[PDB]
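Okay, so here's just one chain, in structure tokens, the form deposited in one PDB entry.
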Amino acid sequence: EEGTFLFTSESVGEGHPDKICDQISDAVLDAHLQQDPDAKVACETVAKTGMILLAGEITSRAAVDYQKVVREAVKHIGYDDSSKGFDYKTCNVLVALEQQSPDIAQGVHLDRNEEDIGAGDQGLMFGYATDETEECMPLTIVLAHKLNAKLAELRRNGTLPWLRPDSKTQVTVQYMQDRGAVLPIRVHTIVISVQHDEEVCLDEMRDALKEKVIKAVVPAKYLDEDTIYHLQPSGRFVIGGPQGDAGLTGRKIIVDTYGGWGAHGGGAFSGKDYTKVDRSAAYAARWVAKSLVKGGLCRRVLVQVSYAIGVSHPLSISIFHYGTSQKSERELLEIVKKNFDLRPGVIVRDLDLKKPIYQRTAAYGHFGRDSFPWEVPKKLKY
């Protein structure tokens, strides 16, 4: 229909190999922060058959048992037997971690007042919010995340014991344009691929995915006779996890954020402390965007910020409201200037970013869930 369009987003499960890496990187970050709130962490993880490798830079007063931290994260995910393709008890854990470069340390935080610490790198970051859901997230990505969460729930409760931890989902929604804002009309296509055991047949899996997963997550009002379902479209997914596909930290940055909506600056979140603005400034930009929507100034908004390594204040700030505010974008920038301080050394205080809650962010998206500090809107003064 005229004034309508399609949009597709995807999500992945806790056992998707890239997501395994994000969760391990954040389990390492949390382990350091539990002992040293000022740990400087830049922990990349790589996963392939039988291997977790940690590579990066950590300067911290914590004493962390990497073998224990990695294996416990893999256990939580559900890879606990060679029949599943990966086992926390018996995999190889390799560590190539060095101290943070002293050249970065001197230029960013050494001998600097905390509020005046420099950005840990240059870069650009975006925040986005949309009133199409209560949580201010796109419906395409919320549904895709919930489909993966439902698969994990039915695997863990033994309802569908043939399920394995590696999964991917994708949701296409037809939207109506509404003066810059968007209104979901219907779900056009759903894809679900999930690793499974050798005994279950394709028809049993497809029936369960439709009746016990899709129907348990997606409201029936969005599904109709024309909705297309691609359930186990490859036909066979016994080999999975790192054995099926090498994973790396920071290779699901669009799943971690807005599912293609808004914009992205390229930075990965997991394995990084607050001084790395790829994470802290993106969380602050989401906080700003969500505050503008919950404050009734916008129905849909995009915020860009950027930084230079060693410099505290952002180099640029831009706001695009998609035509959904009566205030000009110059007025919105002034409101943001009066209400937020986007220096990393102030974001850490506002968003409590030395707290070890990062492993919780590393699956199912970093935004629109669980009332993390960046999800609690700031009451704006203007």
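Numbers for residues come from their place in the sequence shown, where the first is 1.
The PDB entry reports B-factors from which the mean C-alpha value can be compared for 292-300 and 241-249; the larger average falls on 292-300.
Relative to one another, 262-270 and 173-181 have unequal mean CA B-factors, and 173-181 is the one with the higher figure. Looking only at 357, 28, 47, 42, the residue with the top Cα B factor in the deposited structure is 357. Highest CA B-factor among 284, 309, 191, 200, as stated in the entry: 200. In the PDB entry, a CA B factor belonging to the middle third of its chain's modelled residues is recorded for residue 152.
Looking at the C-alpha B-factors along this chain, the one for residue 314 belongs to the middle third.
Per the PDB record, residue ranking by Cα B-factor puts residue 220 in the highest third of the chain. In the PDB entry, a CA B factor belonging to the lowest third of its chain's modelled residues is recorded for residue 9. Looking at the C-alpha B-factors along this chain, the one for residue 144 belongs to the lowest third.
We do not show the form deposited with a small molecule bound, though everything after this point is about it.
In the deposited complex, at least one heavy atom of residue 135 sits within 4.5 Å of a heavy atom of the small molecule.
Using a 4.5 Å cutoff between non-hydrogen atoms, residue 145 counts as a contact of the small molecule in the deposited complex. In the deposited complex, no heavy atom of residue 160 sits within 4.5 Å of the small molecule.
Contact check for residue 297: no non-hydrogen atom falls within 4.5 Å of the small molecule in the deposited complex. Only one of 221-229, 137-145, 204-212, 87-95 places residue heavy atoms within 4.5 angstroms of the small molecule in the deposited complex, namely 137-145. The single contact residue among 149, 253, 117, 248, judged by any heavy atom lying within 4.5 Å of the small molecule in the deposited complex, is 149.
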